[PDB]
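In the deposited numbering, the protein residues as written are 265 to 315. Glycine included, each C-beta is placed from N, C-alpha and C at the ideal position. In what follows, a single structure is set out as structure tokens and then discussed.
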Amino acid sequence: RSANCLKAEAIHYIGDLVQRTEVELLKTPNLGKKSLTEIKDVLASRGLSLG
DNA sequence: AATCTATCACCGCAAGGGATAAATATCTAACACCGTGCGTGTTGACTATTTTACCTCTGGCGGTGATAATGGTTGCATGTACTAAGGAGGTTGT
């Protein structure tokens with residue numbers, strides 16, 4: 265349910281997730297652990313990035 | 001604001017449905033030709049485009065009739081409920 269509680273912030277789509285750098289990332293509901301931990305490098309394997 | 005165990009379940013990851021795009025084959029449409037006929041051109045005779053002239057329409061409006069005719073029309077303002085004002089005039093009072 266990481267999928268439910270993320271898209272509940274109306275960040276439903278990958279296009280703006282590109283803004284969510286490790287300085288202000290948390291604004292979302294719940295989304296508390298394995299999701300939040302390391303997915304940020306496989307994000308860069310379909311091909312996106314942060315900075 | 002970090003930790004996770006233990007929810008209700010999404011992912012874990014097998015299957016299979018539709019799709020679309022390739023190739024084929026059909027359709028139509030765009031064109032280039034041709035032929036028709038119309039609105040390509042000047043000229044010419046017509047007759048009635050316009051003007052002015054003349055002879056003689058339509059409608060401008062001014063003018064007023066006489067056997068005599070010589071006491072008139074007009075219908076419903078409103079019917080209630082109030083009550084404030086002015087009007088009357090005799091008089092018993094100021």
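Coil, strand or helix - residue i by DSSP
i: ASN294; result: coil
i: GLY279; result: helix
i: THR285; result: coil
i: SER299; result: helix
i: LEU312; result: coil
i: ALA267; result: helix
Under 8 Å between C-beta atoms of residue i and residue j
i: residue 351; j: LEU270; result: Here the chain comprises residues numbered 265 to 315, so residue 351 is not present and cannot be evaluated.
Contact set for residue i: own chain, Cβ-Cβ below 6 Å, skip 5 residues either direction
i: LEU314; result: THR285
Residue i versus the options, residue with shortest Cα-Cα distance
i: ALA267; options: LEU289, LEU295, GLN283, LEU290; result: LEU295
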